[PDB]
Amino acid sequence: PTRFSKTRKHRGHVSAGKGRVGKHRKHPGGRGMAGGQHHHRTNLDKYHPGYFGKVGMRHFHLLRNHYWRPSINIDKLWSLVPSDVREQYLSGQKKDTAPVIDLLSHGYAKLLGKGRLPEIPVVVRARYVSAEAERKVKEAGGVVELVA
Amino acid sequence: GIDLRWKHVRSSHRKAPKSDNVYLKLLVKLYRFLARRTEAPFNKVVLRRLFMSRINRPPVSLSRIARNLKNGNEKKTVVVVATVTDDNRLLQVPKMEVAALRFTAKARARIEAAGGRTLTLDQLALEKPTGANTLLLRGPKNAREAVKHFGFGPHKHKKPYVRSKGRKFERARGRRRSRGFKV
Amino acid sequence: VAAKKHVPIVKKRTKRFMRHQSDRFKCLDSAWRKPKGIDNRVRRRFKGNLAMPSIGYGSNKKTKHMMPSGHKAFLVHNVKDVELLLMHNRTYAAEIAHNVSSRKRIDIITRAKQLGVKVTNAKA
Amino acid sequence: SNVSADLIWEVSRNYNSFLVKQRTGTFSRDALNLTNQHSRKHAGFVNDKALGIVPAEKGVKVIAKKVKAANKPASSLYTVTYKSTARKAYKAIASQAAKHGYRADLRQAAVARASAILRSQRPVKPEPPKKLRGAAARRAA
Amino acid sequence: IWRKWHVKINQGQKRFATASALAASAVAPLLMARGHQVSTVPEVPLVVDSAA
RNA sequence: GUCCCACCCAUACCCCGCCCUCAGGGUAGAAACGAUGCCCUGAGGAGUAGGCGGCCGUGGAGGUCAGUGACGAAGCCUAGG
RNA sequence: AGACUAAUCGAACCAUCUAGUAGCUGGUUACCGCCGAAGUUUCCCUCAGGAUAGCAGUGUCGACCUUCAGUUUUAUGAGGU
RNA sequence: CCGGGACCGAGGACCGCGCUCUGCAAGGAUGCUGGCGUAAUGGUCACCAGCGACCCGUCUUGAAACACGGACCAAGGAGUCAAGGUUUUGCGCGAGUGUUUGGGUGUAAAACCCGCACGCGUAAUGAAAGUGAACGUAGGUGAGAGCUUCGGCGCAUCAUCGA
RNA sequence: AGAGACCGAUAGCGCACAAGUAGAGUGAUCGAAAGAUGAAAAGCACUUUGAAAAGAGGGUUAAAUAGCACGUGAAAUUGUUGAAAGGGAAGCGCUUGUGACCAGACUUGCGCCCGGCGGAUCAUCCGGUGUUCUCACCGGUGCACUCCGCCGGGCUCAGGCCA
Ligand SMILES: [Mg+2]
Ligand SMILES: [Mg+2]
Ligand SMILES: [Mg+2]
Ligand SMILES: [Mg+2]
Ligand SMILES: [Mg+2]
Ligand SMILES: [Mg+2]
Ligand SMILES: [Mg+2]
Ligand SMILES: [Mg+2]
Ligand SMILES: [Mg+2]
Ligand SMILES: [Mg+2]
Ligand SMILES: [Mg+2]
Ligand SMILES: [Mg+2]
Ligand SMILES: [Mg+2]
Ligand SMILES: [Mg+2]
Ligand SMILES: [Mg+2]
Ligand SMILES: [Mg+2]
Ligand SMILES: [Mg+2]
Ligand SMILES: [Mg+2]
Ligand SMILES: [Mg+2]
Ligand SMILES: [Mg+2]
Ligand SMILES: [Mg+2]
Ligand SMILES: [Mg+2]
Ligand SMILES: [Mg+2]
Ligand SMILES: [Mg+2]
Ligand SMILES: [Mg+2]
Ligand SMILES: [Mg+2]
Ligand SMILES: [Mg+2]
Ligand SMILES: [Mg+2]
Ligand SMILES: [Mg+2]
Ligand SMILES: [Mg+2]
Ligand SMILES: [Mg+2]
Ligand SMILES: [Mg+2]
Ligand SMILES: [Mg+2]
Ligand SMILES: [Mg+2]
Ligand SMILES: [Mg+2]
Ligand SMILES: [Mg+2]
Ligand SMILES: [Mg+2]
Ligand SMILES: [Mg+2]
Ligand SMILES: [Mg+2]
Ligand SMILES: [Mg+2]
Ligand SMILES: [Mg+2]
Ligand SMILES: [Mg+2]
Ligand SMILES: [Mg+2]
Ligand SMILES: [Mg+2]
Ligand SMILES: [Mg+2]
Ligand SMILES: [Mg+2]
Ligand SMILES: [Mg+2]
Ligand SMILES: [Mg+2]
Ligand SMILES: [Mg+2]
Ligand SMILES: [Mg+2]
Ligand SMILES: [Mg+2]
Ligand SMILES: [Mg+2]
Ligand SMILES: [Mg+2]
Ligand SMILES: [Mg+2]
Ligand SMILES: [Mg+2]
Ligand SMILES: [Mg+2]
Ligand SMILES: [Mg+2]
Ligand SMILES: [Mg+2]
Ligand SMILES: [Mg+2]
Ligand SMILES: [Mg+2]
Ligand SMILES: [Mg+2]
């Protein structure tokens, strides 16, 4: 919508808000990233510290599928089971049955452990598991088993 | 001549909501009457918070409510002039009654499942016109992505604008003594 | 009928604020325009030149928009519109639009006389 | 509920089909509107209780709104015609609006509107002929 | 010819508005204020007994 | 050259009227209100480059005034209001 | 003789690439209201130009926080005109 | 304590402070009287008179300039559009969010409906192999709006010492 | 072939017309201007002045203030008639005066008392209907010191302009 913009309010005022002494010429200072090392250095060092240089070794023909392993913390583990069944376990009505969670079927490969876990035994099947996550699931009565 | 430093100086705070919601306009009318003819300071604070924009009314969560429901506050009424959000980490939800601007679908269900009650800012004025036995809450104002970029500079430990992250994007000169200097 | 009693009307100015240098060139209308010249003598408020319109020339809020009789003009288009002035005959006056036919013009005047509403342009 | 008299005023505050807005003032061409002004107090079509007066062939005709049948518009108006005497019509209208708490704030306007309608049904006197001041010399020839 | 002619709006907001409009269709004062002539209709949610 | 009386006038100072801007108050067991309204009180107004707000006109599109018109629409002329 | 080669020669004429690039001249369209500058610091094959800090406007939030100040007073230090 | 003159009359039931207290000069003008009811008061336009008044636009420390453009009139004539960023305003849903590449359907370039994948977000850090977030009621101390059984509990955010 | 929040004769393709035409260049090539009488030509017979072009009468038409220089016909520039000013520029600002021309407003309204004319129907009660459930409408009953309209006479209050 052009009916309300600052160009309509500039009618009748010479120079259209760009100044008299500085007249808004074509391209003062250069085009694009010109002057990175010569006259735009002061801007390119106060912000963007690190534009120039080489760091690290290079990799030819990287395939990102080799590096796919999404992770999930341990405090969100109970959120995988459906709500109706979930409330039964926390309320304490089963007392004799344990759930078996399959992380791969939900799209996870590594089980990290960050929060706390209630004292109910579970079984977790993961491709990878952290050292701290294995201890917390074990002290709750459960066990974690690798599945590949 | 009068030799003054300031003249015709305006106010610095909002005096009316910029939103055009019809129902919100009614809610401002109610509390504008209450604040004028009541001595309780609780009414004046609620009125101003109705004017604020969305970034000045950050959401609060169920977990943050349960944090402040201890040390003798289990019987008070929680008032939040913002949205209220369910937390997936909290397994057991305590019993409480909450007066909020709006609730998410899951937050409303889990509050009443435990035996609670969900109120509304208009019903709150009908039950507690003076705000007795209430506690106000806010969300984390600075917990926003855009705030991390504020005040960038050397030796400030802020976040830069980069189109991607990796070893090829910045780092290098000015980030390690192996290439020139460091910041 | 006569209008309500009101305070006396003061205009504060009658001239029309003509445009600078419009009396020497035929390509410029007389409608006022703010001069933006860097060294214009009118913009700098030199002594002995045309004045410039300011908010200090405004009229009283009580007597604003009312003609010297005491009424306020109201543009009408048919006989149904003039009946909106049934309850306002001491504050408002009717005015027939320029595109109304001659036959409908006398219908409005006849109806307006019953209600006592003054008509600004009726002698035709 | 989600609908009330206050809400309808909020939706129709700025523009509605009955609005007549121009310079020097704004008006409303509403049947249930006394004084034909645009205001919450005088907006008949939004309030639950409203009054309206329409001239009949001989006298005034007054219609009121029945709050019990809001959703049924064909039978939502209580109408009555007064054609007996000016003073008798004045008393009935005032009692109809200020005896049982049915818009007692409209008592003064209802009587005044009825007074104007009856005044407009009298025979009109003939206006005196116009005179001439500067064209008198012209017309002498 | 490659200026932006069409626009994209959320399906959630589309459903909110079409539900809001239906609610306003059962309010007789709003019907009159939009210019309709409903002074002689029995009920404002008019329903016909499947004669059509 | 020095000293002493009276008098003359700036858009400056004092008192009064009116306009706008800014700030602080009053108004629902509503006989009520363009609540964006109305009522009461005080102070202030120079400005290029530049910033923001409010409003007026032109060509088209949706809705609405059950709008004006061959008994004369649009356009044009007019020291007539 | 840098002479002549269709009134054109220290490199002819016609169409296209082509709306060739310009730190340099010229222009940049209605009204009212409120606030209101800079020619100085550091770096650049930089000196008719840019980036950086300052001066300026707008949007706000925290309290109405009793905090503040181009000022005087009292006690006590520094200086080499 | 008594004279003389000029300019002004804002407000519109009662309420107040007071006094010389059957009343009043005390929170803002009323009383009596005359001529005329039309060109008389008032308004527009042309001309004479007293005083004031250098040609506009532009670059510039400085323009009425012996600085540049402009003989006159009518129509045309200059911050736009797309992709990608960023902060701020309004709106929907909210640990999630996005129907429209595509399919179903239709009064047919409109409207309405459906889901598998995928994008951004939910976890960081190293060049890399790799590893991967609770001693405590998710901590201690000083300020903090609001609430309070008056003892105290203390959101947002700021500073500081730790995990 | 079907369509548009596109342009409307200096616009839209260079071309709405005998336009890639007229015209320019030895040549490759360059390349315009120009739409509209009326519903229907009914496109002015006949007479008279003139060498002729044409004029004056008289005709057609709703209109010739539409006559093949044709719908509407603006500005720069020009002619005639009317009004006014001028001793080496003119224009313009503030404030009176003279002359010309002109818009408003006022020309009655309300109330009381006496007299006269004309009408059905004021308080009250009964039946029916509606409604805000105590306030009204309709039918009947009134029947002249009541109620309503008009005319004539008398009186109070207010109402235009300058002092
Ligand atoms: Mg400017
Ligand atoms: Mg310029
Ligand atoms: Mg610049
Ligand atoms: Mg260099
Ligand atoms: Mg001043
Ligand atoms: Mg090296
Ligand atoms: Mg004026
Ligand atoms: Mg200057
Ligand atoms: Mg002055
Ligand atoms: Mg002042
Ligand atoms: Mg256009
Ligand atoms: Mg016309
Ligand atoms: Mg030589
Ligand atoms: Mg040649
Ligand atoms: Mg030659
Ligand atoms: Mg060559
Ligand atoms: Mg060439
Ligand atoms: Mg260009
Ligand atoms: Mg070029
Ligand atoms: Mg100013
Ligand atoms: Mg200033
Ligand atoms: Mg220069
Ligand atoms: Mg500032
Ligand atoms: Mg020395
Ligand atoms: Mg020295
Ligand atoms: Mg005053
Ligand atoms: Mg005169
Ligand atoms: Mg002079
Ligand atoms: Mg120079
Ligand atoms: Mg300068
Ligand atoms: Mg100049
Ligand atoms: Mg010179
Ligand atoms: Mg120069
Ligand atoms: Mg030059
Ligand atoms: Mg020249
Ligand atoms: Mg020119
Ligand atoms: Mg000339
Ligand atoms: Mg033009
Ligand atoms: Mg973009
Ligand atoms: Mg997803
Ligand atoms: Mg990694
Ligand atoms: Mg406190
Ligand atoms: Mg045209
Ligand atoms: Mg063309
Ligand atoms: Mg042409
Ligand atoms: Mg054109
Ligand atoms: Mg062409
Ligand atoms: Mg040829
Ligand atoms: Mg033509
Ligand atoms: Mg002839
Ligand atoms: Mg002959
Ligand atoms: Mg004609
Ligand atoms: Mg003829
Ligand atoms: Mg014609
Ligand atoms: Mg011609
Ligand atoms: Mg013509
Ligand atoms: Mg002319
Ligand atoms: Mg001479
Ligand atoms: Mg002169
Ligand atoms: Mg004069
Ligand atoms: Mg009866």
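Residues numbered from 1 in each chain as written, not as in the entry; some residues may be left out. Chains lettered and ligands numbered in written order. Part of a larger assembly, values for the part shown. Heavy atoms only, no water.

- Going by the annotation in the PDB entry, the name recorded for chain E is 60S ribosomal protein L4-like protein, with Chaetomium thermophilum var. thermophilum DSM 1495 given as the source organism.

- Named according to the PDB entry, chain C is 60S ribosomal protein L32-like protein originating from Chaetomium thermophilum var. thermophilum DSM 1495.
- Its UniProt record gives chain C a comment under Sequence similarities (unreviewed entry), which states: "Belongs to the eukaryotic ribosomal protein eL32 family." (UniProt positions renumbered as here; feature names shortened; annotations may be inferred.)

**Digging into the sheet that holds strand β5 (residues 128-129) of chain A**
Residues and elements named next belong to chain A.
Then comes step 1: Spatially, 3 strands are ordered β1-β3-β5 in an open sheet, and the strand pairing comes out parallel. The open sheet has two edge strands with one neighbour each: β1 (71-72) and β5.
Then comes step 2: Note: strand β3 (residues 110-111) against β5, 2 bridges, orientation parallel. Residue pairing for β5: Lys 110 is matched across the bridge by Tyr 128. (Pairing = 2+ DSSP bridges. Helix = DSSP H or I, 4+ residues; strand = E, 2+ residues; numbered from the N terminus.)

**Some details on helix α2 (residues 102-115) of chain C**
Residue and element names in this part refer to chain C.
Then comes step 1: Counted at 1.5 Å a residue, the expected span for α2 with its 14 residues is 20 Å, and the 21 Å between its end C-alpha atoms agrees.
Then comes step 2: What α2 keeps buried is the set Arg 105, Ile 108, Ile 109, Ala 112 and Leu 115. Angular distribution of buried residues about the axis of α2 spans 120°; they occupy a single face of the element. Facing away from the buried side of α2 by over 90 degrees, the exposed positions are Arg 103 and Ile 106.
Then comes step 3: Here the buried face of α2 lies against α1 (79-82) and β2 (92-96).
Then comes step 4: Of the residues that open α2, the one with a side-chain oxygen 3.5 Å from the backbone nitrogen of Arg 103 is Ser 101.
Then comes step 5: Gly 116 lies just past α2 and shows a positive phi near 75°. (Expected span 1.5 Å × (residues − 1). Buried < 20%, exposed > 50% of the residue type's maximum accessible area, 1.4 Å probe, protein only. Arc of directions from axis to C-beta. Contact = heavy atoms within 4.5 Å. Polar contact = N/O pair within 3.5 Å; in protein donor to acceptor, adjacent residues only side chain to side chain.)

**Concerning unusual backbone geometry**
Then comes step 1: A positive phi angle, near 55°, is found at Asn 36 of chain D, a position not held by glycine.
Then comes step 2: With respect to the helices and strands, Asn 36 of chain D occurs in the loop between β2 (25-28) and β3 (51-55).
Then comes step 3: For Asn 36 of chain D, a relative accessible area of 4% gives the class buried.
Then comes step 4: You will see that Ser 50 of chain E, though not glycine, has its phi angle at about 50°, which is positive.
Then comes step 5: Mapped onto the secondary structure, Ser 50 of chain E falls in the segment after α2 (28-33).
Then comes step 6: We classify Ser 50 of chain E as exposed; its relative accessible area is 73%.

**Quick word on the sheet that holds strand β4 (residues 123-126) of chain A**
Residues and elements named next belong to chain A.
Then comes step 1: Reading across the sheet, the 3 strands line up as β2-β4-β6 and stay open at both edges, with parallel pairing between neighbours. Every other strand in the sheet has two partners, leaving β2 (100-102) and β6 (143-146) as the edge strands with one partner each. With direction set aside, neighbouring strand axes in the sheet form an average angle of 20°.
Then comes step 2: Direction of pairing for β2 relative to β4: parallel, over a ladder of 3 bridges. The partner of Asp 102 across the bridge, within β4, is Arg 125. (Axes fitted to C-alpha atoms, helices over the stretch in contact; angles between N-to-C directions.)

**Regarding a positive patch on the surface**
Then comes step 1: A cluster of basic residues, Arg 20 of chain A together with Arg 33, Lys 34, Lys 36, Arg 41, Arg 43, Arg 44 and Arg 45 of chain C, forms a positive patch at the surface.
Then comes step 2: Within the secondary structure, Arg 45 of chain C is located in the segment before β1 (72-76). (Patch = residues over 30% accessible without salt bridge, like charges linked within 9 Å, V, L, I, M, F, W, Y side chains within 5 Å. Areas by Shrake-Rupley, 256 points an atom, 1.4 Å probe, with all protein chains shown as cover. Salt bridge = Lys/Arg side-chain N within 4 Å of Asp/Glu carboxyl O. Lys, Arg positive; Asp, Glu negative; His and termini not counted. Charge placed at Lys NZ, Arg CZ, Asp CG, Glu CD.)

**Some words on the packing of aromatic side chains**
The geometry of an aromatic ring pair is captured by the separation of the ring centres together with the interplanar angle, meaning the angle of the planes.
Residues and elements named next belong to chain C.
Then comes step 1: Under the definition given, this model contains 7 aromatic pairs over all chains.
Then comes step 2: For the pair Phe 17 and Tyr 57, a centre-to-centre distance of 5.5 Å together with 70° between the ring planes defines the contact as edge-to-face. With a gap of 40 residues between them, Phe 17 in the segment before β1 and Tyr 57 in the segment before β1 connect regions that are remote in the sequence.
Then comes step 3: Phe 17 gets classed as buried once you look at its relative accessible area, which sits at 17%.
Then comes step 4: When the centroid spacing of 6.5 Å and the interplanar angle of 85° are considered together, the rings of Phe 74 and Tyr 92 count as edge-to-face. Taken together, the residues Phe 74 in strand β1 and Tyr 92 in strand β2 connect sequence positions 18 residues apart. Neither residue differs from the other here; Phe 74 and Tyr 92 are each classed as buried. (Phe/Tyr/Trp six-rings, centres within 6.5 Å; stacked < 30°, edge-to-face > 60°.)

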